[PDB]
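Residues per chain are reported as follows:
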Amino acid sequence: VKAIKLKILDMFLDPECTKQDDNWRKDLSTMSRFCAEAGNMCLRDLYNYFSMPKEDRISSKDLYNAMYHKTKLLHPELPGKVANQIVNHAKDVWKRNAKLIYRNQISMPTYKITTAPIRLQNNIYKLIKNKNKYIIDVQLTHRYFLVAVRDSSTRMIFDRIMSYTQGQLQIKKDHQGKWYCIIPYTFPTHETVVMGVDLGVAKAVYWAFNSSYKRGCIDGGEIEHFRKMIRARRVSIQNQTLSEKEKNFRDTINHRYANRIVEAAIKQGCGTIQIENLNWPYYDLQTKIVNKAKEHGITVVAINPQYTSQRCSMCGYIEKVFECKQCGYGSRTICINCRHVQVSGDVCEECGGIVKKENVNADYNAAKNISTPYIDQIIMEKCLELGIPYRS
Amino acid sequence: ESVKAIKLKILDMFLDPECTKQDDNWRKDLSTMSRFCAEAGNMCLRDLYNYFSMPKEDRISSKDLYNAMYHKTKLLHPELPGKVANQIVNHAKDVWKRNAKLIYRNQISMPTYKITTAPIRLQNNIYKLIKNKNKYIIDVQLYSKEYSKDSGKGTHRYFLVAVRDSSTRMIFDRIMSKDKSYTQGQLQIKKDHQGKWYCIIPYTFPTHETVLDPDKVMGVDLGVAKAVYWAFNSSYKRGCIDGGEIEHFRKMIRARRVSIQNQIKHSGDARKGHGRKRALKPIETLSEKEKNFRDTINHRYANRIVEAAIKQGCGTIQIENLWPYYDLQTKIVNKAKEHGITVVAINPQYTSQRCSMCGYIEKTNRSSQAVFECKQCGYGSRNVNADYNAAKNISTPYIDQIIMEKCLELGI
DNA sequence: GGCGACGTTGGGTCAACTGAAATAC
DNA sequence: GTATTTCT
RNA sequence: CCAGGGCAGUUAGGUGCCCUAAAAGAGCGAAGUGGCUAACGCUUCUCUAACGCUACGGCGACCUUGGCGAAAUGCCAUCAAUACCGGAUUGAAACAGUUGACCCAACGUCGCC
Ligand SMILES: [Zn+2]
Ligand SMILES: [Zn+2]
Ligand SMILES: [Zn+2]
């Protein structure tokens, strides 16, 4: 369900990342091929068992023991934990695909090298952190493999799992031979009760969170297509109901957007709505978002839509894709893991993570500025200093 | 000998030779038949996998395996006639023999026929192309005799295909009678993403006996932005064609698909609560717009490449070894095969760097891509395009050997 | 926006096939 | 002749 | 900036007519993810809109042209469009198609910065 892919660098016999295990890629490839072959063999055994009549068949526990014995005999190099995980995963995939098998919607499920991971239980994998290096401590004595995190979110998740409950660790491969270390995790469930929303012309709404980098844009292809359809049909009628249909669509499209905004607010734990204030019935949308957010107890606050798109989110600079000249927010390239600006390059010097060019849209910047708590005070303390007048 | 296909859309299905009586639910009948064919192919592939995965000592003869697979295909779906059954088994065996080595190496997930829009395969013996008045009818045998006895409807289903093109009419009437006559092939009933059904007739036809000199060879250069440029080795004449909206159509189709897909997050209560197909129903129209625009553009480019060789008598076409470049190359090698023009594949390594006139190798020519000027001989100094230079370079026969010989002496 | 899991669809490559004799009804 | 099981 | 579709054999662009709040509404069911239930980018899913004539069976339904081409530079005539002013500009087609496999990309839900 919830898992993170971690790029691998090398394999070390010791946990200090000093002595590298030579030819570890070939050993891991042979291990994955053995895992795939054993999984295919035990899936064929499952198909043979379930294809036979139920009365003339062995018990389920006997079948699992026989599959485990066959997996151990066919590839003795596979350790017991990995073989048991292969057997369990084959049993699960057969449980999920037996109806497709016997309705012949799919052929025999098999594990290619890409989709056949070295499945390992959580009781044998330990996530340790050592300075910038991240080390997995699986027991295949116990091998320690370098893990290169490439995002700030993946670092926080990895640290939380090290100190979230780990799932069934998977080690897949790719076309180029790159091994991916995918660590599933589980979390306690706990529902929660500040954000903002910008508004353009055809971009519809955009929202950002005050404390989280979560983004979401309502790509108003629906609204644009509806407007084009109404205009074209009106032109055709003139050349040769529409107004009422357009009015009712505008009356119901705010309910869809208000529902989406309320769902996004409830998700990720947000309990306050600081939305903007007023070709389209924006007052209807404001009323709908005020009424629909009150069902969950989220207060809606209306703020002036002045100097919100022009303001920079990072530094607060005001000037007449958005890129303020003070810090170069739009044009800068930053590492995800460290958020330190670099001139160029897709690899960070401080972290070695992914460096992504900032795709800061104007709508998202306006939404994040609107999401700032106490926008009136922070805009009176800035616009008045720069001499730019605003209506209050 | 060459082979092409005649894809004819099905207007309606009938149970009479005169098409007086039609099946009121013929579309769902075709969908059921295609699903049954896909299921039979899946079970045949599963049987092949369980057979070849077992040790050879614990195996029945492969002939007995084929017989057992055919019998299980005929008994699991009694509606499938014998010809459809053996065609399905043959196609499953072909897929297995093409993927067997990688299956043994466990580098391939076991092949699975997609139930949606699955093809229905029929041997050439049963289905007969007939022409009753202006109606074009295919006497497809899609029902077994047991199903005919059980239901009361005849084994033969008359598919009223749409043959409204002059060339399509000519090929239909050429394959209708054997008397240069066309030979029928494995009929295929396959559905498009929209929901239309096609009866595809792959016909084997004799290679055209056009007198083309094999000495004259024409090279084909595939650039990055410049689509294709061709030149002749024996004649200074040449030609070229580039892509107008070559990637713009793909970009706009993908942008529209992304915009429509993102709308489900704020769509109505129906798309969000009636399955994935109900959610991708608006996307279904965009299922093959750019995929089929790939074929339309590549057909046009390959047609001009083969026509240029035919007009100038060039009996050979050179193609560099790799936008779908390989799809264009395949269309070229299949359209030229119709006209009897052999295609030779060569390595395009250092082809652009080598001068088309003197054959010398250079490294500074990589920077200048708008035009080609050879510093040593001065062929372009005394204007020659870089694409034209590469085309003329690859026009001459045995270019890989020349590149290997020249690179060893100098230029690596 | 991205880092991913699951899933699907939607673009590519790439390679082969695109029956016939015999046989029961 | 027609459809089916088989063989390549 | 005059959108998406349906028919016109396929595709792409038009085109002749029609439909559109299909970027839309609903129903059976449990093959799966979720908590025996049905929330789900839940389903072998299905229904939901579309050319003219018909004597209700069926019929018909258009264009992407021909050459010169030491070359995406264009020219000659011919067609269609222009929200440009009878001219100018723009575009001017071919059809080999199914399969499976692999790759990449995109998107839906979910977890998180
Ligand atoms: Zn700034
Ligand atoms: Zn960094
Ligand atoms: Zn030269």
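Residues numbered from 1 in each chain as written, not as in the entry; some residues may be left out. Chains lettered and ligands numbered in written order. Heavy atoms only, no water. Residues with missing side-chain atoms left out of burial classes, pairs and counts.

Under the PDB entry, chain B has the name CRISPR-associated endodeoxyribonuclease Cas12f1 and belongs to Syntrophomonas palmitatica JCM 14374. The header of this PDB entry states its title as "SpCas12Cas12f1 in complex with sgRNA and cognate DNA". According to the UniProt record, the Subunit comment for chain B reads "An asymmetric homodimer. Guide RNA is probably required for dimerization." (UniProt positions renumbered as here; feature names shortened; annotations may be inferred.)

You'll find chain A entered in the PDB entry as CRISPR-associated endodeoxyribonuclease Cas12f1, with Syntrophomonas palmitatica JCM 14374 given as the organism. In its Subunit section, UniProt records this for chain A: "An asymmetric homodimer. Guide RNA is probably required for dimerization."

A few words now on the interface of chain B and chain A. Facing the 27 residues of chain B at the interface are 25 residues of chain A. Going through the elements one at a time, helix 1 (26–53) and helix 6 (248–262) of chain B are the ones with two or more residues in the side of chain B that touches chain A. In terms of residue class, the side of chain B that touches chain A is made up of 8 nonpolar, 13 polar and 6 charged. (Contact = heavy atoms within 4.5 Å. Helix = DSSP H or I, 4+ residues; strand = E, 2+ residues; numbered from the N terminus. Nonpolar A, V, L, I, M, F, W, Y, C, P; charged D, E, K, R; others polar.)

On to the UniProt feature "binding site: Zn(2+)" in chain A, then. Residues and elements named next belong to chain A. Annotation from UniProt places "binding site: Zn(2+)" at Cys312, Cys315, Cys324 and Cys327. With respect to the helices and strands, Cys312 occurs in the loop between strand 12 (299–303) and strand 13 (333–335). Excluding residues that lie within four positions of it along the chain, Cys312 makes contacts with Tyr317, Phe322, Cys324, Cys327, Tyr329, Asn365 and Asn369. Not counting the four nearest positions on each side in its chain, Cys315 is found in contact with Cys324, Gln326 and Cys327.

Our focus in this paragraph is the pairing of strand 7 (residues 197–205) of chain B. All names here are of chain B. Bridging between strand 1 (residues 2–14) and strand 7 involves 8 bridges; their strand directions are antiparallel. For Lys4, the partnering residue across the bridge sits in strand 7 and is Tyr203. Where strand 6 (residues 187–191) meets strand 7, 4 bridges bridge the pair, whose relative direction is antiparallel. Its bridge partner lying in strand 7, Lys191 is registered against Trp197. (Pairing = 2+ DSSP bridges.)

Here the focus is the sheet that holds strand 9 (residues 205–209) of chain A. Residues and elements named next belong to chain A. Read from one edge of the open sheet, 5 strands run 10-9-8-11-12, paired in mixed fashion. In this open sheet, the two edge strands, each paired with only one partner strand, are strand 10 (215–217) and strand 12. With direction set aside, neighbouring strand axes in the sheet form an average angle of 20 degrees. Bridging between strand 9 and strand 10 involves 3 bridges; their strand directions are antiparallel. Each bridged residue has a counterpart across the sheet, and for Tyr206 the counterpart in strand 10 is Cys217. Docked against the sheet, helix 7 (residues 282–293) engages strand 8 (195–199), strand 9, strand 11 (272–276) and strand 12, running at close to 150 degrees with respect to strand 12. (Axes fitted to C-alpha atoms, helices over the stretch in contact; angles between N-to-C directions.)

As a further point, take the packing of helix 1 of chain B against helix 2 (residues 62–76) of chain B. Residue and element names in this part refer to chain B. Remark: helix 1 packs on helix 2, axes separated minimally by 10 Å, with the N-to-C direction vectors making an angle of 150 degrees. Comparing their axes, helix 2 and helix 1 come out roughly antiparallel. Judged by the twist between their axes, the crossing of helix 1 over helix 2 is right-handed. Listed contacts from helix 2 to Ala40, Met43, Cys44, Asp47, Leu48, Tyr51 and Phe52 of helix 1 are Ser62, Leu65, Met69, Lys72, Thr73 and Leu76. Residues belonging to the contact of helix 1 with helix 2 are distributed by class as follows: 9 nonpolar, 2 polar and 2 charged. (Parallel < 35°, antiparallel > 145°, perpendicular 65-115°, else oblique. Left-handed = near helix turned anticlockwise from the far one by under 90°.)

This paragraph deals with the domain arrangement of chain A. Examined at the domain level, chain A breaks down into domain 1 (3–186) and domain 2 (195–322 + 360–386). Spacing between the C-alpha centres of domain 1 of chain A and domain 2 of chain A amounts to 45 Å. (Domains from an automatic or database assignment.)

Residue and element names in this part refer to chain A. Of the pairings in the sheet, the one linking strand 1 (residues 3–12) to strand 4 (residues 144–148) comprises 4 bridges and is antiparallel in character. What sits directly across from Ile8, in strand 4, is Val147. Both strand 3 (residues 133–136) and strand 4 contribute to a ladder of 3 bridges, which runs antiparallel. The residue of strand 4 that forms the bridge with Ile135 is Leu146.

With that out of the way, let us pick up the UniProt feature "active site" in chain A. Residues and elements named next belong to chain A. The feature "active site", as annotated in UniProt, sits at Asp198, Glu276 and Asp363 in this numbering. Of note, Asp198 is situated in strand 8. Relative to the helices and strands, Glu276 is located in strand 11. The residues contacting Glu276, other than those within four sequence positions of it, are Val197, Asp198, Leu199, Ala302, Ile303 and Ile370.

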